[PDB]
Every structure is written in structure tokens, then in C-alpha cells.
$ cat work-v4.cif   # mmCIF, N, CA and C atoms and all ligand atoms
data_query
#
loop_
_atom_site.label_atom_id
_atom_site.label_comp_id
_atom_site.auth_asym_id
_atom_site.auth_seq_id
_atom_site.Cartn_x
_atom_site.Cartn_y
_atom_site.Cartn_z
N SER A 1499 -147.20 152.38 42.54
CA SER A 1499 -146.48 153.38 41.71
C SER A 1499 -147.09 153.47 40.32
N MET A 1500 -146.57 154.39 39.53
CA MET A 1500 -146.94 154.49 38.13
C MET A 1500 -146.55 153.23 37.40
N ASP A 1501 -145.42 152.63 37.79
CA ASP A 1501 -144.97 151.40 37.17
C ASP A 1501 -145.94 150.23 37.43
N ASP A 1502 -146.45 150.10 38.66
CA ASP A 1502 -147.47 149.07 38.96
C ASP A 1502 -148.75 149.29 38.16
N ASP A 1503 -149.12 150.56 37.98
CA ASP A 1503 -150.35 150.91 37.25
C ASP A 1503 -150.20 150.58 35.75
N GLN A 1504 -149.06 150.94 35.18
CA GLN A 1504 -148.68 150.59 33.81
C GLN A 1504 -148.77 149.08 33.57
N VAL A 1505 -148.23 148.32 34.51
CA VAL A 1505 -148.28 146.86 34.46
C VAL A 1505 -149.72 146.32 34.53
N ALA A 1506 -150.53 146.87 35.43
CA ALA A 1506 -151.92 146.42 35.56
C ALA A 1506 -152.73 146.75 34.31
N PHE A 1507 -152.46 147.92 33.75
CA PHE A 1507 -153.15 148.39 32.55
C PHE A 1507 -152.79 147.49 31.36
N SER A 1508 -151.50 147.30 31.14
CA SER A 1508 -151.02 146.46 30.05
C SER A 1508 -151.44 144.99 30.19
N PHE A 1509 -151.53 144.47 31.41
CA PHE A 1509 -152.07 143.11 31.68
C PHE A 1509 -153.50 142.93 31.19
N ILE A 1510 -154.38 143.89 31.50
CA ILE A 1510 -155.77 143.84 31.05
C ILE A 1510 -155.85 143.89 29.52
N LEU A 1511 -155.13 144.83 28.90
CA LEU A 1511 -155.14 144.95 27.44
C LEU A 1511 -154.64 143.66 26.78
N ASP A 1512 -153.55 143.09 27.30
CA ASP A 1512 -152.99 141.87 26.72
C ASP A 1512 -153.97 140.70 26.76
N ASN A 1513 -154.69 140.57 27.87
CA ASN A 1513 -155.74 139.56 27.98
C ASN A 1513 -156.90 139.79 27.03
N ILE A 1514 -157.24 141.05 26.75
CA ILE A 1514 -158.25 141.33 25.74
C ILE A 1514 -157.81 140.78 24.38
N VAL A 1515 -156.55 141.03 24.02
CA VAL A 1515 -156.02 140.56 22.76
C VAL A 1515 -156.00 139.02 22.71
N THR A 1516 -155.40 138.39 23.71
CA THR A 1516 -155.14 136.95 23.65
C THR A 1516 -156.37 136.10 23.91
N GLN A 1517 -157.20 136.52 24.86
CA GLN A 1517 -158.38 135.74 25.25
C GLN A 1517 -159.61 136.07 24.41
N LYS A 1518 -159.69 137.27 23.84
CA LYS A 1518 -160.90 137.66 23.13
C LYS A 1518 -160.67 137.88 21.63
N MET A 1519 -159.74 138.76 21.28
CA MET A 1519 -159.54 139.13 19.88
C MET A 1519 -158.92 137.99 19.06
N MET A 1520 -157.89 137.37 19.60
CA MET A 1520 -157.23 136.23 18.94
C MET A 1520 -158.09 134.98 18.86
N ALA A 1521 -159.13 134.93 19.69
CA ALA A 1521 -160.07 133.81 19.73
C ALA A 1521 -161.25 133.95 18.75
N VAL A 1522 -161.35 135.08 18.03
CA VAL A 1522 -162.43 135.29 17.06
C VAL A 1522 -162.29 134.26 15.95
N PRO A 1523 -163.40 133.63 15.53
CA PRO A 1523 -163.24 132.60 14.51
C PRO A 1523 -162.64 133.11 13.21
N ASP A 1524 -161.72 132.32 12.66
CA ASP A 1524 -161.03 132.65 11.41
C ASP A 1524 -160.25 133.95 11.46
N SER A 1525 -159.72 134.26 12.64
CA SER A 1525 -158.93 135.50 12.83
C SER A 1525 -157.47 135.32 12.42
N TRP A 1526 -157.12 134.14 11.92
CA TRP A 1526 -155.75 133.84 11.49
C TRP A 1526 -155.05 134.87 10.57
N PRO A 1527 -155.77 135.58 9.66
CA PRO A 1527 -155.01 136.61 8.92
C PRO A 1527 -154.46 137.76 9.76
N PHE A 1528 -154.93 137.89 11.00
CA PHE A 1528 -154.68 139.09 11.76
C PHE A 1528 -153.71 138.93 12.93
N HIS A 1529 -153.21 137.71 13.15
CA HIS A 1529 -152.33 137.40 14.26
C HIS A 1529 -150.86 137.82 14.04
N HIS A 1530 -150.48 138.09 12.79
CA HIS A 1530 -149.13 138.49 12.43
C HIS A 1530 -149.17 139.60 11.38
N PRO A 1531 -148.05 140.33 11.22
CA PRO A 1531 -147.93 141.26 10.11
C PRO A 1531 -148.09 140.52 8.80
N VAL A 1532 -148.67 141.19 7.82
CA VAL A 1532 -148.82 140.61 6.48
C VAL A 1532 -147.45 140.30 5.91
N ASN A 1533 -147.30 139.10 5.36
CA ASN A 1533 -146.02 138.73 4.74
C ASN A 1533 -145.99 139.21 3.28
N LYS A 1534 -145.11 140.17 3.02
CA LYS A 1534 -145.01 140.86 1.74
C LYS A 1534 -144.70 139.89 0.59
N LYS A 1535 -144.06 138.77 0.89
CA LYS A 1535 -143.76 137.78 -0.18
C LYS A 1535 -145.04 137.22 -0.79
N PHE A 1536 -146.03 137.00 0.07
CA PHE A 1536 -147.34 136.49 -0.34
C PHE A 1536 -148.30 137.59 -0.82
N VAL A 1537 -148.08 138.82 -0.36
CA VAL A 1537 -148.89 139.97 -0.76
C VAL A 1537 -147.99 141.15 -1.16
N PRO A 1538 -147.41 141.10 -2.38
CA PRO A 1538 -146.29 142.00 -2.66
C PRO A 1538 -146.57 143.50 -2.63
N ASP A 1539 -147.81 143.91 -2.85
CA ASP A 1539 -148.17 145.32 -2.85
C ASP A 1539 -148.75 145.83 -1.53
N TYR A 1540 -148.81 144.99 -0.49
CA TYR A 1540 -149.55 145.35 0.74
C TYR A 1540 -149.04 146.66 1.33
N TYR A 1541 -147.72 146.79 1.44
CA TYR A 1541 -147.08 147.91 2.12
C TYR A 1541 -146.91 149.14 1.21
N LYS A 1542 -147.21 148.97 -0.08
CA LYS A 1542 -147.42 150.09 -0.99
C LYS A 1542 -148.79 150.73 -0.79
N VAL A 1543 -149.80 149.90 -0.56
CA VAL A 1543 -151.18 150.34 -0.40
C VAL A 1543 -151.44 150.83 1.03
N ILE A 1544 -150.93 150.10 2.02
CA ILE A 1544 -151.20 150.33 3.45
C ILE A 1544 -150.01 151.03 4.10
N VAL A 1545 -150.21 152.31 4.41
CA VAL A 1545 -149.18 153.18 4.99
C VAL A 1545 -148.87 152.86 6.46
N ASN A 1546 -149.90 152.49 7.22
CA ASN A 1546 -149.75 152.17 8.64
C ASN A 1546 -150.29 150.79 8.96
N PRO A 1547 -149.50 149.77 8.64
CA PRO A 1547 -149.96 148.41 8.91
C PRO A 1547 -150.11 148.16 10.39
N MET A 1548 -151.01 147.24 10.73
CA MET A 1548 -151.21 146.84 12.12
C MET A 1548 -151.75 145.42 12.18
N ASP A 1549 -151.38 144.71 13.23
CA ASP A 1549 -151.86 143.37 13.47
C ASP A 1549 -151.80 143.09 14.96
N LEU A 1550 -152.34 141.95 15.37
CA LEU A 1550 -152.50 141.64 16.79
C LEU A 1550 -151.17 141.34 17.49
N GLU A 1551 -150.18 140.75 16.80
CA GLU A 1551 -148.86 140.53 17.39
C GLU A 1551 -148.20 141.87 17.71
N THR A 1552 -148.27 142.80 16.76
CA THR A 1552 -147.71 144.14 16.90
C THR A 1552 -148.37 144.89 18.05
N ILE A 1553 -149.70 144.79 18.17
CA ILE A 1553 -150.39 145.35 19.33
C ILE A 1553 -149.84 144.75 20.63
N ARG A 1554 -149.61 143.44 20.67
CA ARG A 1554 -149.06 142.80 21.87
C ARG A 1554 -147.64 143.30 22.20
N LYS A 1555 -146.82 143.49 21.18
CA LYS A 1555 -145.49 144.05 21.38
C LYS A 1555 -145.56 145.48 21.91
N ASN A 1556 -146.46 146.27 21.34
CA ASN A 1556 -146.70 147.62 21.84
C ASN A 1556 -147.15 147.65 23.31
N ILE A 1557 -148.04 146.73 23.70
CA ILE A 1557 -148.51 146.62 25.08
C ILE A 1557 -147.34 146.29 26.01
N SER A 1558 -146.49 145.36 25.61
CA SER A 1558 -145.36 144.96 26.45
C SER A 1558 -144.39 146.13 26.66
N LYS A 1559 -144.32 147.06 25.70
CA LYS A 1559 -143.51 148.26 25.85
C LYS A 1559 -144.30 149.43 26.43
N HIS A 1560 -145.50 149.16 26.94
CA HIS A 1560 -146.36 150.18 27.55
C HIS A 1560 -146.64 151.38 26.65
N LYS A 1561 -146.82 151.13 25.34
CA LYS A 1561 -147.16 152.20 24.39
C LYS A 1561 -148.52 152.78 24.76
N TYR A 1562 -149.45 151.93 25.17
CA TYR A 1562 -150.83 152.39 25.41
C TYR A 1562 -151.04 152.81 26.86
N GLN A 1563 -151.43 154.07 27.01
CA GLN A 1563 -151.72 154.65 28.31
C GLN A 1563 -153.18 155.07 28.43
N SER A 1564 -153.97 154.81 27.39
CA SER A 1564 -155.40 155.09 27.43
C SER A 1564 -156.15 154.06 26.61
N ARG A 1565 -157.43 153.91 26.94
CA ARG A 1565 -158.33 153.07 26.17
C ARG A 1565 -158.36 153.57 24.72
N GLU A 1566 -158.43 154.88 24.53
CA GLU A 1566 -158.45 155.47 23.20
C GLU A 1566 -157.23 155.10 22.35
N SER A 1567 -156.03 155.17 22.93
CA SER A 1567 -154.80 154.92 22.15
C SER A 1567 -154.79 153.46 21.68
N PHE A 1568 -155.23 152.56 22.55
CA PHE A 1568 -155.37 151.14 22.24
C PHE A 1568 -156.38 150.91 21.14
N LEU A 1569 -157.58 151.44 21.34
CA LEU A 1569 -158.62 151.31 20.34
C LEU A 1569 -158.27 151.84 18.97
N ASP A 1570 -157.43 152.87 18.95
CA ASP A 1570 -157.01 153.44 17.70
C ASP A 1570 -156.21 152.44 16.87
N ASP A 1571 -155.28 151.71 17.49
CA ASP A 1571 -154.51 150.68 16.77
C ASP A 1571 -155.39 149.49 16.40
N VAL A 1572 -156.31 149.13 17.28
CA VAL A 1572 -157.28 148.08 16.95
C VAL A 1572 -158.13 148.47 15.73
N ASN A 1573 -158.61 149.71 15.71
CA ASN A 1573 -159.39 150.21 14.56
C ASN A 1573 -158.59 150.18 13.24
N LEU A 1574 -157.29 150.38 13.34
CA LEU A 1574 -156.42 150.38 12.18
C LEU A 1574 -156.43 149.02 11.45
N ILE A 1575 -156.57 147.93 12.19
CA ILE A 1575 -156.64 146.60 11.58
C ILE A 1575 -157.85 146.53 10.64
N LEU A 1576 -158.98 147.06 11.08
CA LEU A 1576 -160.18 147.08 10.27
C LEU A 1576 -160.07 148.06 9.11
N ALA A 1577 -159.62 149.28 9.39
CA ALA A 1577 -159.52 150.30 8.35
C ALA A 1577 -158.60 149.84 7.21
N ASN A 1578 -157.51 149.19 7.58
CA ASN A 1578 -156.56 148.72 6.59
C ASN A 1578 -157.19 147.65 5.70
N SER A 1579 -158.02 146.78 6.29
CA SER A 1579 -158.69 145.73 5.52
C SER A 1579 -159.73 146.34 4.58
N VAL A 1580 -160.48 147.34 5.04
CA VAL A 1580 -161.39 148.06 4.14
C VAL A 1580 -160.63 148.61 2.94
N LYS A 1581 -159.50 149.24 3.20
CA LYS A 1581 -158.71 149.84 2.12
C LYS A 1581 -158.12 148.81 1.15
N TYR A 1582 -157.55 147.73 1.68
CA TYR A 1582 -156.88 146.75 0.84
C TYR A 1582 -157.88 145.77 0.20
N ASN A 1583 -158.86 145.30 0.98
CA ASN A 1583 -159.75 144.24 0.53
C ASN A 1583 -161.16 144.69 0.14
N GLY A 1584 -161.60 145.85 0.65
CA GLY A 1584 -162.97 146.35 0.45
C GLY A 1584 -163.91 145.94 1.57
N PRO A 1585 -165.06 146.64 1.71
CA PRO A 1585 -166.05 146.37 2.77
C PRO A 1585 -166.65 145.00 2.75
N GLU A 1586 -166.80 144.43 1.56
CA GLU A 1586 -167.52 143.15 1.43
C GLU A 1586 -166.62 141.91 1.59
N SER A 1587 -165.32 142.11 1.68
CA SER A 1587 -164.39 140.99 1.87
C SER A 1587 -164.60 140.29 3.20
N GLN A 1588 -164.46 138.97 3.18
CA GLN A 1588 -164.36 138.22 4.42
C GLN A 1588 -163.26 138.71 5.36
N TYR A 1589 -162.14 139.21 4.82
CA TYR A 1589 -161.10 139.75 5.69
C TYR A 1589 -161.69 140.89 6.53
N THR A 1590 -162.48 141.72 5.87
CA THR A 1590 -163.04 142.93 6.50
C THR A 1590 -164.13 142.53 7.51
N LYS A 1591 -164.95 141.55 7.15
CA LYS A 1591 -165.97 141.03 8.06
C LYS A 1591 -165.36 140.45 9.34
N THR A 1592 -164.27 139.72 9.18
CA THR A 1592 -163.59 139.15 10.35
C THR A 1592 -162.93 140.27 11.17
N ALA A 1593 -162.32 141.26 10.50
CA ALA A 1593 -161.68 142.36 11.23
C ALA A 1593 -162.72 143.13 12.04
N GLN A 1594 -163.92 143.29 11.48
CA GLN A 1594 -165.00 143.97 12.21
C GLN A 1594 -165.40 143.21 13.49
N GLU A 1595 -165.46 141.89 13.41
CA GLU A 1595 -165.74 141.04 14.56
C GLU A 1595 -164.64 141.19 15.61
N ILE A 1596 -163.38 141.31 15.18
CA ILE A 1596 -162.27 141.55 16.12
C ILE A 1596 -162.44 142.90 16.85
N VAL A 1597 -162.76 143.94 16.10
CA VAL A 1597 -162.97 145.26 16.69
C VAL A 1597 -164.15 145.23 17.65
N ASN A 1598 -165.25 144.60 17.24
CA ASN A 1598 -166.46 144.52 18.10
C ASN A 1598 -166.19 143.82 19.42
N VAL A 1599 -165.46 142.70 19.38
CA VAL A 1599 -165.09 141.95 20.58
C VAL A 1599 -164.18 142.77 21.52
N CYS A 1600 -163.30 143.58 20.93
CA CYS A 1600 -162.47 144.53 21.68
C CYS A 1600 -163.34 145.54 22.46
N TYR A 1601 -164.26 146.20 21.77
CA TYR A 1601 -165.18 147.18 22.40
C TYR A 1601 -165.99 146.54 23.52
N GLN A 1602 -166.54 145.35 23.26
CA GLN A 1602 -167.37 144.66 24.26
C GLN A 1602 -166.58 144.36 25.54
N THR A 1603 -165.31 143.98 25.38
CA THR A 1603 -164.45 143.65 26.52
C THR A 1603 -163.93 144.90 27.23
N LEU A 1604 -163.65 145.97 26.48
CA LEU A 1604 -163.32 147.25 27.12
C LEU A 1604 -164.49 147.71 27.97
N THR A 1605 -165.70 147.59 27.42
CA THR A 1605 -166.91 147.91 28.18
C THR A 1605 -166.90 147.15 29.51
N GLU A 1606 -166.60 145.87 29.44
CA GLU A 1606 -166.59 145.00 30.60
C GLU A 1606 -165.59 145.45 31.68
N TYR A 1607 -164.42 145.98 31.31
CA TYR A 1607 -163.38 146.37 32.28
C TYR A 1607 -163.18 147.89 32.37
N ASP A 1608 -164.19 148.66 31.96
CA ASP A 1608 -164.07 150.11 31.76
C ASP A 1608 -163.72 150.87 33.07
N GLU A 1609 -164.38 150.54 34.18
CA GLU A 1609 -164.14 151.22 35.47
C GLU A 1609 -162.66 151.14 35.84
N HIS A 1610 -162.12 149.92 35.82
CA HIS A 1610 -160.71 149.70 36.23
C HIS A 1610 -159.75 150.34 35.22
N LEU A 1611 -160.03 150.18 33.93
CA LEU A 1611 -159.18 150.80 32.92
C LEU A 1611 -159.20 152.32 33.02
N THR A 1612 -160.37 152.90 33.29
CA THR A 1612 -160.51 154.36 33.40
C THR A 1612 -159.72 154.90 34.60
N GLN A 1613 -159.83 154.23 35.75
CA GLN A 1613 -159.07 154.67 36.92
C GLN A 1613 -157.56 154.53 36.70
N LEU A 1614 -157.11 153.43 36.10
CA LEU A 1614 -155.68 153.27 35.78
C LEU A 1614 -155.16 154.35 34.84
N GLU A 1615 -155.93 154.65 33.81
CA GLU A 1615 -155.57 155.63 32.80
C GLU A 1615 -155.43 157.02 33.44
N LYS A 1616 -156.38 157.36 34.29
CA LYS A 1616 -156.26 158.59 35.08
C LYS A 1616 -155.03 158.62 36.00
N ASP A 1617 -154.81 157.54 36.76
CA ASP A 1617 -153.71 157.45 37.72
C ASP A 1617 -152.35 157.51 37.03
N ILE A 1618 -152.23 156.83 35.88
CA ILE A 1618 -150.99 156.87 35.09
C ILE A 1618 -150.71 158.30 34.61
N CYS A 1619 -151.73 158.96 34.07
CA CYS A 1619 -151.59 160.32 33.58
C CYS A 1619 -151.22 161.30 34.72
N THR A 1620 -151.89 161.17 35.86
CA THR A 1620 -151.63 162.05 36.99
C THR A 1620 -150.17 161.90 37.46
N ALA A 1621 -149.71 160.65 37.56
CA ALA A 1621 -148.33 160.38 38.00
C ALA A 1621 -147.30 160.93 37.01
N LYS A 1622 -147.56 160.73 35.72
CA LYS A 1622 -146.73 161.28 34.66
C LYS A 1622 -146.62 162.81 34.73
N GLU A 1623 -147.75 163.50 34.96
CA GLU A 1623 -147.78 164.96 35.01
C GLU A 1623 -147.00 165.44 36.23
N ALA A 1624 -147.15 164.73 37.34
CA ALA A 1624 -146.48 165.13 38.57
C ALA A 1624 -144.96 164.98 38.42
N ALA A 1625 -144.52 163.89 37.78
CA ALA A 1625 -143.07 163.71 37.52
C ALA A 1625 -142.52 164.81 36.62
N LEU A 1626 -143.28 165.19 35.60
CA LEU A 1626 -142.88 166.30 34.74
C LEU A 1626 -142.80 167.63 35.49
N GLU A 1627 -143.74 167.90 36.40
CA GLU A 1627 -143.67 169.13 37.20
C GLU A 1627 -142.39 169.12 38.03
N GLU A 1628 -142.13 167.99 38.68
CA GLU A 1628 -140.89 167.80 39.48
C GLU A 1628 -139.64 168.08 38.62
N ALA A 1629 -139.57 167.48 37.44
CA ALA A 1629 -138.44 167.77 36.53
C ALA A 1629 -138.35 169.22 36.12
N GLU A 1630 -139.49 169.85 35.86
CA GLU A 1630 -139.47 171.24 35.46
C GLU A 1630 -139.01 172.12 36.62
N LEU A 1631 -139.43 171.77 37.84
CA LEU A 1631 -139.00 172.49 39.04
C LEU A 1631 -137.50 172.38 39.20
N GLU A 1632 -136.96 171.20 38.95
CA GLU A 1632 -135.52 170.98 39.09
C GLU A 1632 -134.73 171.75 38.02
N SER A 1633 -135.29 171.87 36.82
CA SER A 1633 -134.71 172.70 35.76
C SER A 1633 -134.65 174.15 36.16
N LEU A 1634 -135.62 174.59 36.97
CA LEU A 1634 -135.68 175.99 37.40
C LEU A 1634 -134.64 176.36 38.45
N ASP A 1635 -134.09 175.36 39.15
CA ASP A 1635 -133.01 175.56 40.14
C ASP A 1635 -133.34 176.64 41.17
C1 LIG B 1 -151.53 136.06 3.13
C2 LIG B 1 -152.33 137.12 3.86
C3 LIG B 1 -153.11 138.02 3.14
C4 LIG B 1 -153.79 139.03 3.81
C5 LIG B 1 -153.70 139.16 5.19
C6 LIG B 1 -152.94 138.27 5.93
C7 LIG B 1 -152.27 137.26 5.25
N1 LIG B 1 -151.51 136.32 6.02
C8 LIG B 1 -152.20 135.25 6.60
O1 LIG B 1 -153.38 135.07 6.34
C9 LIG B 1 -151.44 134.40 7.54
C10 LIG B 1 -152.05 133.31 8.12
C11 LIG B 1 -151.35 132.51 9.01
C12 LIG B 1 -150.06 132.80 9.35
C13 LIG B 1 -149.39 133.92 8.79
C14 LIG B 1 -148.05 134.27 9.12
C15 LIG B 1 -147.25 133.46 10.13
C16 LIG B 1 -145.90 134.09 10.52
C17 LIG B 1 -145.34 133.45 11.76
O2 LIG B 1 -145.34 132.07 11.53
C18 LIG B 1 -147.47 135.36 8.51
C19 LIG B 1 -148.15 136.11 7.57
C20 LIG B 1 -149.44 135.80 7.23
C21 LIG B 1 -150.10 134.71 7.85
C22 LIG B 1 -150.16 136.62 6.23
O3 LIG B 1 -149.61 137.49 5.57
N2 LIG B 1 -154.47 140.26 5.56
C23 LIG B 1 -154.68 140.73 6.92
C24 LIG B 1 -155.04 140.84 4.43
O4 LIG B 1 -155.74 141.83 4.39
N3 LIG B 1 -154.62 140.07 3.36
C25 LIG B 1 -155.00 140.32 1.97
#
$ encode --input "work-v4.cif" --output "C-alpha cells" --more "lines below"
Ligand SMILES: Cc1cc2c(cc1N1C(=O)c3cccc4c(CCCO)ccc(c34)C1=O)n(C)c(=O)n2C
Amino acid sequence: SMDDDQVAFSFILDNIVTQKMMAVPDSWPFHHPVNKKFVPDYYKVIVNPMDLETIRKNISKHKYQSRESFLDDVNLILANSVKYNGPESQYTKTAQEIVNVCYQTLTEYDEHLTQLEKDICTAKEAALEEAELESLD
């Protein structure tokens, strides 16, 4: 079903986060949301915060239905570090390594992720057609 596909898709993404992204050396700043007590202006500067725990919560709620949607939140971790810390910061260098490891692992599982993403979308569209047909009475 679409539900089994959603589960298989989210399982692969979660393993990318936990086995690859969270394992990047010195990735500790990125495993949780920034604590505003320690960085009081963070959420004034950064409009769309993102971190690896939040990505995992999003995966568990099946927010991501495409490789692109996932990568977009992953890219946000890096973009936010560029904005807050600058390109030359160690924070930014580490965030880039996290993004790179994500791309390399997506590459590795691309065939299966691509077929799941297609199958999920097709099932979703078919359910919507069914609902629209039922609205038409
Ligand atoms: C202080 C800081 C500055 C940052 C930053 C992240 C952090 N920061 C940690 O490094 C950090 C390390 C380890 C544990 C943490 C927990 C644990 C919560 C559950 O027990 C919560 C919050 C933080 C951390 C955290 O806010 N980022 C991404 C930046 O760009 N700056 C400038």
C-alpha cells in the first residue's frame, strides 16, 4: 500500500540521518535545535531553523515524500550556518560535510528512493481522483 511505501521511504531517510549525517565528526552542534538561552539572537537572525532531530521528527510524521523535499531541509542546516556564522566558520564547514554525506548516501539508494517517491505520488493522486469522483455523486 501507500502506507507500506511511506514506511519504507521514511526508514531509508532515517538511516541516512542516524548512520551517516549524525556520524559526521564534530556534528554535535547540529543534533538538536539551537538553545536560545546560549544563543539569544539565533531565532531573530534565522527565520527557518533546522536541525537533525527536527528532520527525524519530520520523517516519523512522513513529511518527506521526495528526495528533493528531504534535501531541502538538509540544505537549510547549511544555509542557516552560512547566515549566522559565515562561510569560514567551523560550524559552516561541518554543516557542509553533513550535506555532502547526505547527497552521497542518497546517490547510493537513489533507485529505490526514486521508485518509492513515484509510487507514493501515484497512490496519492489516485486517492484524490477517487475522492473527487465521490464529490461528484
Ligand atoms: C550553543 C550552540 C551554538 C550554535 C549551534 C548549536 C549550539 N548548540 C550546541 O552546540 C549543542 C551541543 C550539544 C548539545 C546541545 C543541546 C542538547 C539538548 C538535548 O540535551 C541543545 C542545544 C545545543 C547543543 C546548541 O544550541 N549552531 C548550530 C550554531 O550555528 N551555533 C552558533
$ closest_residue --input "work-v4.cif" --among "A:1628, A:1503, A:1512, A:1549" --to "ligand LIG 1 (chain B)" --atoms "all atoms listed in the file"
A:1549
$ residues_around --input "work-v4.cif" --residues "residue 1553 (chain A)" --least-positions-apart "5" --cutoff "8 Å" --atoms "all atoms listed in the file" --output "mmCIF file with N, CA and C atoms, in the frame of the given file"
data_model
loop_
_atom_site.group_PDB
_atom_site.id
_atom_site.type_symbol
_atom_site.label_atom_id
_atom_site.label_comp_id
_atom_site.auth_asym_id
_atom_site.auth_seq_id
_atom_site.Cartn_x
_atom_site.Cartn_y
_atom_site.Cartn_z
ATOM 1 N N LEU A 1511 -155.130 144.830 28.900
ATOM 2 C CA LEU A 1511 -155.140 144.950 27.440
ATOM 3 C C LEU A 1511 -154.640 143.660 26.780
ATOM 4 N N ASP A 1512 -153.550 143.090 27.300
ATOM 5 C CA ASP A 1512 -152.990 141.870 26.720
ATOM 6 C C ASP A 1512 -153.970 140.700 26.760
ATOM 7 N N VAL A 1515 -156.550 141.030 24.020
ATOM 8 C CA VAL A 1515 -156.020 140.560 22.760
ATOM 9 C C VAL A 1515 -156.000 139.020 22.710
ATOM 10 N N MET A 1548 -151.010 147.240 10.730
ATOM 11 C CA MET A 1548 -151.210 146.840 12.120
ATOM 12 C C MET A 1548 -151.750 145.420 12.180
ATOM 13 N N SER A 1558 -146.490 145.360 25.610
ATOM 14 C CA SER A 1558 -145.360 144.960 26.450
ATOM 15 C C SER A 1558 -144.390 146.130 26.660
ATOM 16 N N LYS A 1559 -144.320 147.060 25.700
ATOM 17 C CA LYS A 1559 -143.510 148.260 25.850
ATOM 18 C C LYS A 1559 -144.300 149.430 26.430
ATOM 19 N N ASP A 1571 -155.280 151.710 17.490
ATOM 20 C CA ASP A 1571 -154.510 150.680 16.770
ATOM 21 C C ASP A 1571 -155.390 149.490 16.400
ATOM 22 N N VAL A 1572 -156.310 149.130 17.280
ATOM 23 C CA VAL A 1572 -157.280 148.080 16.950
ATOM 24 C C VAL A 1572 -158.130 148.470 15.730
#
$ closest_residue --input "work-v4.cif" --among "A:1601, A:1527, A:1513, A:1501" --to "residue 1589 (chain A)" --atoms "all atoms listed in the file"
A:1527
$ closest_atom_pairs --input "work-v4.cif" --of "chain A" --to "ligand LIG 1 (chain B)" --cutoff "10 Å" --atoms "only C-alpha atoms and all ligand atoms" --output "Markdown table"
| residue | atom | partner | partner_atom | distance |
| --- | --- | --- | --- | --- |
| A:1524 | CA | B:LIG1 | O1 | 9.5 |
| A:1525 | CA | B:LIG1 | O1 | 8.6 |
| A:1526 | CA | B:LIG1 | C10 | 5.0 |
| A:1527 | CA | B:LIG1 | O1 | 3.4 |
| A:1528 | CA | B:LIG1 | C23 | 5.1 |
| A:1529 | CA | B:LIG1 | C12 | 7.1 |
| A:1530 | CA | B:LIG1 | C18 | 5.3 |
| A:1531 | CA | B:LIG1 | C19 | 5.7 |
| A:1532 | CA | B:LIG1 | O3 | 3.3 |
| A:1533 | CA | B:LIG1 | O3 | 3.9 |
| A:1534 | CA | B:LIG1 | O3 | 6.9 |
| A:1535 | CA | B:LIG1 | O3 | 8.2 |
| A:1536 | CA | B:LIG1 | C1 | 5.5 |
| A:1537 | CA | B:LIG1 | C3 | 6.1 |
| A:1538 | CA | B:LIG1 | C3 | 9.8 |
| A:1539 | CA | B:LIG1 | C25 | 9.7 |
| A:1540 | CA | B:LIG1 | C25 | 7.5 |
| A:1544 | CA | B:LIG1 | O4 | 9.7 |
| A:1547 | CA | B:LIG1 | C23 | 9.2 |
| A:1548 | CA | B:LIG1 | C23 | 8.7 |
| A:1549 | CA | B:LIG1 | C23 | 7.6 |
| A:1551 | CA | B:LIG1 | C17 | 9.7 |
| A:1575 | CA | B:LIG1 | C23 | 7.7 |
| A:1576 | CA | B:LIG1 | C23 | 9.0 |
| A:1578 | CA | B:LIG1 | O4 | 7.3 |
| A:1579 | CA | B:LIG1 | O4 | 5.0 |
| A:1580 | CA | B:LIG1 | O4 | 8.4 |
| A:1581 | CA | B:LIG1 | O4 | 8.8 |
| A:1582 | CA | B:LIG1 | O4 | 6.2 |
| A:1583 | CA | B:LIG1 | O4 | 6.1 |
| A:1584 | CA | B:LIG1 | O4 | 9.4 |
| A:1587 | CA | B:LIG1 | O4 | 9.0 |
| A:1588 | CA | B:LIG1 | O4 | 9.3 |
| A:1589 | CA | B:LIG1 | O4 | 5.9 |
| A:1590 | CA | B:LIG1 | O4 | 7.7 |
| A:1592 | CA | B:LIG1 | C23 | 9.7 |
| A:1593 | CA | B:LIG1 | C23 | 8.4 |
$ closest_residue --input "work-v4.cif" --among "A:1557, A:1564, A:1517, A:1569" --to "residue 1614 (chain A)" --atoms "only N, CA and C atoms"
A:1564
$ atom_distance --input "work-v4.cif" --atom1 "atom N of residue 1541 (chain A)" --atom2 "CA of residue 1508 (chain A)"
28.8 Å
$ closest_residue --input "work-v4.cif" --among "A:1623, A:1608, A:1615, A:1632" --to "residue 1563 (chain A)" --atoms "all atoms listed in the file"
A:1615
$ atom_distance --input "work-v4.cif" --atom1 "atom C of residue 1552 (chain A)" --atom2 "atom N of residue 1573 (chain A)"
11.6 Å
$ residues_around --input "work-v4.cif" --residues "residue 1600 (chain A)" --least-positions-apart "3" --cutoff "8 Å" --atoms "only C-alpha atoms" --output "MDAnalysis selection string"
chainID A and resid 1514:1515 1518:1519 1569 1572 1596:1597 1603:1604
$ atom_distance --input "work-v4.cif" --atom1 "atom N of residue 1586 (chain A)" --atom2 "CA of residue 1546 (chain A)"
20.0 Å
$ closest_residue --input "work-v4.cif" --among "A:1630, A:1562, A:1621, A:1567" --to "residue 1507 (chain A)" --atoms "only N, CA and C atoms"
A:1562
$ select_by_dssp --input "work-v4.cif" --residues "chain A" --states "alpha helix (DSSP H)" --output "ChimeraX atom specification"
/A:1500-1513,1540-1543,1550-1558,1565-1583,1588-1606,1608-1634
$ build_atoms --input "work-v4.cif" --residues "region 1517-1522 of chain A" --atoms "N, CA, C and O atoms" --output "short mmCIF file (atom, residue, chain, number, x, y, z; two decimals), in the coordinates of the input"
data_model
loop_
_atom_site.label_atom_id
_atom_site.label_comp_id
_atom_site.auth_asym_id
_atom_site.auth_seq_id
_atom_site.Cartn_x
_atom_site.Cartn_y
_atom_site.Cartn_z
N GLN A 1517 -157.20 136.52 24.86
CA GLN A 1517 -158.38 135.74 25.25
C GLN A 1517 -159.61 136.07 24.41
O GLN A 1517 -160.48 135.22 24.26
N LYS A 1518 -159.69 137.27 23.84
CA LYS A 1518 -160.90 137.66 23.13
C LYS A 1518 -160.67 137.88 21.63
O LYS A 1518 -161.34 137.26 20.80
N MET A 1519 -159.74 138.76 21.28
CA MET A 1519 -159.54 139.13 19.88
C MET A 1519 -158.92 137.99 19.06
O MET A 1519 -159.38 137.69 17.96
N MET A 1520 -157.89 137.37 19.60
CA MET A 1520 -157.23 136.23 18.94
C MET A 1520 -158.09 134.98 18.86
O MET A 1520 -157.83 134.09 18.05
N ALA A 1521 -159.13 134.93 19.69
CA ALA A 1521 -160.07 133.81 19.73
C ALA A 1521 -161.25 133.95 18.75
O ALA A 1521 -162.06 133.03 18.64
N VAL A 1522 -161.35 135.08 18.03
CA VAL A 1522 -162.43 135.29 17.06
C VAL A 1522 -162.29 134.26 15.95
O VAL A 1522 -161.17 134.02 15.48
#
